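Report on the following structure.
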Amino acid sequence: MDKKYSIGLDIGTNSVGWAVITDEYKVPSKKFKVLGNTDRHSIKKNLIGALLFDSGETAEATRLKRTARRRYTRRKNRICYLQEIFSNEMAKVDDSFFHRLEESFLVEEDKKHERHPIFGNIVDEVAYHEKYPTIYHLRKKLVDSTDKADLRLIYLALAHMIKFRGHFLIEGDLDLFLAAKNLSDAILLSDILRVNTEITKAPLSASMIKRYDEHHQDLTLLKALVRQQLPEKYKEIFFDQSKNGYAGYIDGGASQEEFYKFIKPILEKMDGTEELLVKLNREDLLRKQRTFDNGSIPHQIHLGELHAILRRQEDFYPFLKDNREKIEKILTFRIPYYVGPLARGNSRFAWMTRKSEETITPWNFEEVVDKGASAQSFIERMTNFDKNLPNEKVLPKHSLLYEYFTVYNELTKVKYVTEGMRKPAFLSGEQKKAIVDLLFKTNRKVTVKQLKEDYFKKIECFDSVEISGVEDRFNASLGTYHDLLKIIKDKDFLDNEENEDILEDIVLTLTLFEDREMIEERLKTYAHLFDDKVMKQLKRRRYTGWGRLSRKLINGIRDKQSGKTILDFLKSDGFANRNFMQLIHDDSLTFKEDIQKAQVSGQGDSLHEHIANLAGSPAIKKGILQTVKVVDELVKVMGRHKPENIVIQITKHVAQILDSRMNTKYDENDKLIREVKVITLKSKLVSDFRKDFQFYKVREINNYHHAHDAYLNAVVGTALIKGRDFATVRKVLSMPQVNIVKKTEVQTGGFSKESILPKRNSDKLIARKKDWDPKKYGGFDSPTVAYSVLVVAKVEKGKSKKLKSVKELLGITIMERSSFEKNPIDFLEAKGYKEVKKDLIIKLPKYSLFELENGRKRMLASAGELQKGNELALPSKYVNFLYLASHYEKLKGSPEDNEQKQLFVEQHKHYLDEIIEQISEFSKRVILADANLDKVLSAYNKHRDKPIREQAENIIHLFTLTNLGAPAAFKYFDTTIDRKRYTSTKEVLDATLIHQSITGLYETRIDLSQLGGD
DNA sequence: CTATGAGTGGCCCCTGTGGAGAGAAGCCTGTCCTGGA
DNA sequence: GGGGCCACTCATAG
RNA sequence: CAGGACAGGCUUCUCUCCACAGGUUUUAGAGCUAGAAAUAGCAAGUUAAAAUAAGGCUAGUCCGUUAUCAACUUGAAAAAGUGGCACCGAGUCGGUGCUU
């Protein structure tokens, strides 16, 4: 007997509740065979459970990482281009200059040359540092000096500018409103440049040097004043780097805001601080040359600086003068945003098409790459296809034929009522055409009043007319027609249908391209039809937007019997006056058949693909995929006998997918047979049912709430479509044996944390490069654990290197995953493991589960940390009492019910002791947090006289201790409780390892104690 | 007497801005139209 | 939020 | 009942590409005086290079944190197969009966 059964769903962002109920709303239970080497061969379990899992994440951070990687690569490539250009002359004076530059980061031991990067000697380095303390001094020198400078300094300055080229936010080259914008640019410069009157072509360097001089004088005055007046804090401010004083501001991690906050109260006390106070108010005190306010610098300033430097220095180095165009290109070149990555097809994010196959350089970009076809594919690859014509691209928003369609379709169902008319009448084709010609071609917008005055009364001589269908004014407008009438000024050309193709082509050309030159190039085919001024003004007009329909749909196909296009039908359709929607579904015409032929019998959509094809967060994609997997697994459990019904814009997608997978058989009339019906509901009804019948939901006690919500969803839906039931549900809610499963997942992402810590002496430092000793250069810390593997072997230990049989878990970082998978044995031996027993290697992902004595459970969080693996079960009556006490002062309802609930809360106050005792018993038995538990016990008797509502609310805080997963710290009234972290994983090495199905119904237990038995 | 492990408590986590485009979703109003019952 | 690491404290086995 | 379309307005979210500004680490930027040293005092502090997930080969001005992944068997992978039910009670499930 295939028992009638249904499956309900309660889908959340991280939670997917499932439950199967019979016609009596009862969840049955079955005995499941257990595989493995353990004595427990079969466990009976209830057909209810849920899956908790990590939230899905969007690739936005990954996209930022990719963009940053491209930024770094292209900046380095610019450096390489400059270095190659400078290479030829560099060899004559200093061949090791570029050799010194690349290897400066190395220690003196690792340097193959002298440690000084600039000159390779100390005396000249000191002289250079003395003459030009900052790079801005060198920049101002080069901008102002006419003298021939060393090429090394020139290269350094140019590389500095190139590496910090600045923003391209202002285009071009830098009446009354025009003078106003010039003054705005002057204000921008004054923000950038603080030297207003100096005769210089590079005011930015002057501004930086003036800032440095102010910093010097301010520091001198401040040190003098502090020494004179507050000697005790001298060493604190100026020597103690750990504080937010000057030492921390410059040498430590203290920033500008921190420095100002630290120094303001101190400056409030000494003499002569008025200027210092104002400077702090203007944020001009001791300003660094590298802040976050330099981001407003136009790249045109850097271009001018380069141009001036080259202008001054071209007289002595002819190769600089002859390569000035290339250097200016390197500084100025920006990859067009419509082109894309310069890949040879092998990059999944590349769309560029090449004219030739040479190496792309900033000097030969355009001639090698078809920017026209590049933008053509760029726009096209991101547009959509018509649903009725899957193989056709959509027309632009402002297509003239599209406007014709819109105007005619809006005018189609216009009903007019005049004197003597018993019923409203439709507009004839002649009437509609006359209306369009008289008003729409003359008015950018047409209202009801305008129509009544201009056509009904002036033309058809109807003194009184009633208009229906549109309230105020007609939405469709021939705005593009008005613009083309304004520009072309040839109404006969515009109204000639022989020009329809040309007009549509021009509109598409205007829509596709944003660059003026390409638009002019493509439209030059029509230069013989229009004058020069029209061509110029056409080069100026632009539009945006894309519609939903293609040219083929409206004017491409024709009816077999009549041959009228959709435009023809909308112009006049007889007395039927069928609009677009009516026309495309009428059986009397062949348009529907044309759409069906256009509809391609598509391949069975991959479940991975279709979920990846819906619009939404990837998190809901993961949730839906897991839910479908759960559905399939549950069906497979029941002998593949399909259920009756399912109760659940994600909902409709779930419904369609479930119907597609379940209902696949077609009847004698080729109609899909729906043996399973999808039932759609929302949370409001179920919450109302809960509040009506005291089935209260608490989201802090345990995770049984998800499964209970799914169970209620199914019950309510089945009852809706279709005493004892209340009691059955109550028994269901109190059932402790509930399948709670955390999805095991192999961790991905970054190799380690992003903080680069200073050098130390420990084995945990991770080298940033292959040839870089961590103790010499520091590196990363806290690598991310990929998963764990069980190893039973012998390891040499102690001074004597005595091999000792061991049984331990080694943490695999994500970075070394490939090396481990390539050859596990060699990778283990590289770590010193010997006599590896490969047959016993078990791969354990994160959240691996372990069974210990008395049912105590732990989840493998990482290599050396565990998580609580047990769930707190509480009786229903206590949950109801806690709910009533929690909302005791927030009751919203009839006063009688509120007073009854208050009396019930007062009567059973003694439940508090039972709750505390049960929590303490659970803690002692499975949690082992004796100190924190005793703290809680002391706190309970401390505040036993407190108001009941606060007591219950702070007890709700206590369930944080029994929460599954990572332990967390929480506060109880005035008592703070810290988190209990289990740092020892040795005990689970002899525990019971269980592997469960994604629903946990199928399971396999492996006893780790038996493995590696001596 | 030194090295090994076995808890305990405490602190640490890269951030900020611009431009271009395309798409989707929801809500509201009006005109509506098609499939079924 | 949640795991890792540092510094500190203490028992241990050789 | 659902769907679909046009227009207008509002809001929210998703994806791709082009950019800019910093920070971090390490090194360089002669520390001096008196004192054997511990140490005390003095002087100075704004800048510079490289890397910024280890790297790979398809050697490109490309790719490397999205997505996906219980266990066994087959399959390179993709993909496929692998485990009884009925009744009674319930503290992490247990008990009863039948076939296999």
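Every number here is computed from the coordinates shown, using simple stated rules; none is lab data. Please note: Cβ atoms are built from the backbone with ideal geometry, for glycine as well, and neighbour counts cover all protein chains shown.
Key figures for this structure:
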read-out: Cα-centre dipole for the stretch A:176-284 with unit charges at Cβ (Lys and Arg positive, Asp and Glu negative), debye to 20; value: 100
read-out: All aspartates and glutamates inside 14 Å of residue A:243 as judged from Cα atoms, apart from same-chain residues fewer than 8 positions distant; value: A:251, A:257, A:258
read-out: Helix-only mean residue ellipticity at 222 nm for chain A, each DSSP H run of n ≥ 4 adding -39500 (n - 2.57), per residue, nearest 500; value: -13000 deg cm²/dmol
read-out: Column: log10 I(q)/I(0), Debye, Cα scatterers of the stretch A:1-100, q = 0.18 Å⁻¹; value: -1.00
read-out: Relative contact order of the stretch A:846-941, defined on C-alpha pairs under 8 angstrom at six or more residues apart (%); value: 19
read-out: Rounded, prolate or oblate (a/c below 1.5 giving rounded, otherwise prolate when a/b exceeds b/c) for the stretch A:867-990 by Cα gyration tensor; value: prolate
read-out: Sparse-neighbour loop sites [chymotrypsin sites (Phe, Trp or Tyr not before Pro); the stretch A:61-130; at most 12 other C-beta within 10 Å; DSSP]; value: A:105
read-out: Percent RCO, i.e. relative contact order, over the stretch A:400-597, from Cα pairs under 8 Å lying at least 6 residues apart; value: 24
read-out: Relative contact order of the stretch A:176-284, pairs being alpha-carbon contacts under 8 Å that are 6 or more residues apart, as %; value: 11
read-out: Two-site FRET efficiency, residue A:460 against residue A:191, from Cβ-Cβ distance with R₀ of 41 Å, rounded to 0.05; value: 0.05
read-out: For chain A, convex hull volume per residue from C-alpha positions, Å³; value: 343
read-out: Where labels lie 7 Å past Cα in the beta-carbon direction, separation of residue A:655 and residue A:669 in nm; value: 2.2
read-out: Amide H within-cut-off set for residue A:34, under 5 Å, with H built and near neighbours excluded; value: A:42, A:43
read-out: Computed E for residue A:943/residue A:735 - FRET, C-beta separation, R0 45 angstrom, nearest 0.05; value: 0.85
read-out: Listed pairs A:3/A:877; A:131/A:329; A:753/A:980 exceeding 28 Å between Cα atoms; value: A:3/A:877; A:131/A:329
read-out: Sites residue A:33 and residue A:973, calculated FRET efficiency, Cβ-Cβ separation with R0 56 Å, nearest 0.05; value: 0.65
read-out: Spin-label proximity, residue A:58 to the stretch A:611-654 - amide N less than 11 Å from point 7 Å beyond Cα toward beta carbon; value: A:616-619
read-out: Candidate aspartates and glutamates - alpha carbon under 19 Å from residue A:636, same-chain residues fewer than 8 apart omitted; value: A:2, A:644, A:659, A:675, A:1003
read-out: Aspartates and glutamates whose Cα lies under 17 Å from that of residue A:775, excluding same-chain neighbours fewer than 8 positions away; value: A:108, A:109, A:110, A:763
read-out: Packing rank of A:505-516, A:187-198, where each peptide gets the mean count of other beta carbons within 10 Å, highest leading; value: A:505-516, A:187-198
read-out: Principal axis box of the stretch A:569-676, alpha-carbon based, largest edge first, Å; value: 60, 38, 26
read-out: Extended-chain gain in nm, criterion 0.36 nm per residue less alpha-carbon gap, residue A:251 and residue A:350; value: 31.2 nm
read-out: Phi to ³J(HN,Hα) by Karplus 6.51 cos²θ - 1.76 cosθ + 1.60 over the stretch A:130-143, Hz, x for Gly, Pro; value: 5, 6, 10, x, 10, 5, 5, 4, 5, 5, 5, 4, 5, 5
read-out: Label-point gap, in nm, between residue A:307 and residue A:898 - each point 7 angstrom along Cα→Cβ; value: 7.7
read-out: Charge tally in the Cβ shell below 14 Å around residue A:381, where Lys, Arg are +1 and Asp, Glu are -1, residue A:381 excluded; value: +1
read-out: For the stretch A:176-284, the Rg and Dmax computed from alpha carbons only, in angstrom; value: 17.6, 59
read-out: Distant-in-sequence amide H partners of residue A:849 (H built 1.01 Å from N, under 5 Å); value: A:860, A:994
read-out: Residue order, fewest to most surrounding Cβ atoms within 10 angstrom, among A:126, A:785, A:16; value: A:126, A:785, A:16
read-out: Tail fraction, Cα-Cα pairs, the stretch A:400-597, threshold 26 Å, whole percent; value: 43
read-out: Residue A:367-residue A:610 pseudo-label distance in nm [points 7 Å out on the Cα-to-Cβ vector]; value: 5.3
read-out: Environment charge at residue A:391 (Cβ cut-off 14 Å; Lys +1, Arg +1, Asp -1, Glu -1); value: +1
read-out: Surrounding net charge for residue A:1002, when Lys and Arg each add one and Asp and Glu each subtract one, Cβ distance under 12 Å; value: +3
